[PDB]
């Protein structure tokens, strides 16, 4: 089957670093330079063997045609009102980018407001962040090119969709918040740096500042409002209170759900916004999260995890701010996670809970916190919502493994509330009643019960004969909840497969305790949990090791790469997307310094000793047993992935090919594909999305010799 040769790749045998007395060789360190002729030649040579392997069998074409047909359905966001008009996103089906529409009423004709498709031939310029002025008459929006986190902010006047001259550069990981006087907007920017800032560089991002842009002026006139020169990793994001009186600054350092919270009463500024604001440091530590919900005068409602790992709502009065005085508006639940909270129609709160990895949605009274109404949902997720304090209605969007989505609407001015379907689209070709979703709880190595969803055709025999696709992430307080994927349903219907999603530790599914269960010294729990999910699918007869594919992205790419090293005998195929592979060096590049809150950092002997045991780059080893080889592996990355710099996948694949690929017993391929004009994944155009899933499933099909089922 292996009709290609791995390219020759130079090994710098002098690249040796001492980590606390432990010598580490890094012979492909040179791949860390994305601009070198050597690195460019490496990427070209890798793509030269991967692309023909993916495209050789008719299966890829068959999958691509089916994906193109089935993904071609209308895709809507929730409506949201801004000022006197309503807005929503819509894709007729296969547009590269969804388009923002405007209408003057719910019954009125809609027209195009902003169409990102016309900004590039290939759909590689995408919206990334936006903010309307408080009155809805002005609009700021971020644009990212080629999938980079870097943003350029532009402005429009809403009436007539008039382009304005204002352009803001050096924007990344930025807030966007207009003052209610309509004068200007807060945003974040990084200082100038040597070399490129286009998403191909690896330069660390430090000293982010908070600026205020006055509309109608040049960016060079912008006011510096906050900076942290003694704390280069701090990031201060601004928002205005609902009444426009206060700027609230949420300062983060790293990725944990915690923030400092400072406020500025704008009425107390001596002469408007003219420099560093008179910040009052309400919460001046990183011990808890304080997420603004609403305020009534000086009484501020926050969602918090302060001594409340499943989250709760508290009221802090700025005039009586000591912690002993805070009021608990909605107490923490014993098990269910309060995921997010919004305030709507002055005095309602909408709370969204996660109950065993499924969403519920409730309306509560702002004054007492009392439950008023349950909004009924099917089993799945709430993935969009609109309804601000001054608005009198809500929209929310529901999705599940088997259903594309339903947008609901509820008019909250009505005495008796009555949520109604507002938009619903069905995908023809995927009959949902042919399948089922089950939730099981399996024990991990240490006895902890882990949730797992399994999606399969009704009535299958559990005889181990079915290909399976097992997905996980496990980190960063991210909950992996039910979502509609046409790409995975094609694997089910046309490849006879079983889908599985394991809610392993590190995630947010059981609150901060679940998250802490999969970080730092305990990161190995994630891998144990995921290997145990694979063992469950096998033991219960859903699949067998030779038919099992695992997949994850970013932190999930780390997950599957580590699992391939630790239990190569458990998996037939591994697809690692945009994965963190070098655990000793990740903190050196772009925003990787922020991930030390989940991983630790190799500058500490204690942390190094954790990291070295599981770092994918540092644990590639020929299996000892003669009858065991590595699974077939595909790494997917892209040359503007400035979130997880692609040198992670480059160094890993060079290592896999040299250590394992050279062995006579290894016949499963170990390949990388590096895309162009793409990044970590956000904003990827439809065309590239289709190519990517076609690559993934063609790889699975060829490696496992799976027949298409038309």
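Positions refer to the first chain, counted from 1.
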{"property": "Mean temperature factor over C-alpha atoms, higher-scoring stretch between 661 to 669 and 679 to 687", "result": "661 to 669"}
{"property": "Between 202 to 210 and 83 to 91 (mean CA B-factor, as deposited), the higher", "result": "83 to 91"}
{"property": "Residue, from 420, 183, 588, 515, that the PDB entry assigns the highest Cα B-factor", "result": "420"}
{"property": "Residue of maximum C-alpha B factor among 511, 195, 556, 254, per deposited coordinates", "result": "195"}
{"property": "B-factor third for the C-alpha atom of residue 320 within its chain", "result": "middle"}
{"property": "Third of the chain, ranked by Cα B-factor, where residue 613 sits", "result": "middle"}
{"property": "Third of chain Cα B-factors occupied by residue 157", "result": "middle"}
{"property": "Chain thirds of CA B-factor: placement of residue 405", "result": "highest"}
{"property": "Chain-relative CA temperature factor third for residue 63", "result": "highest"}
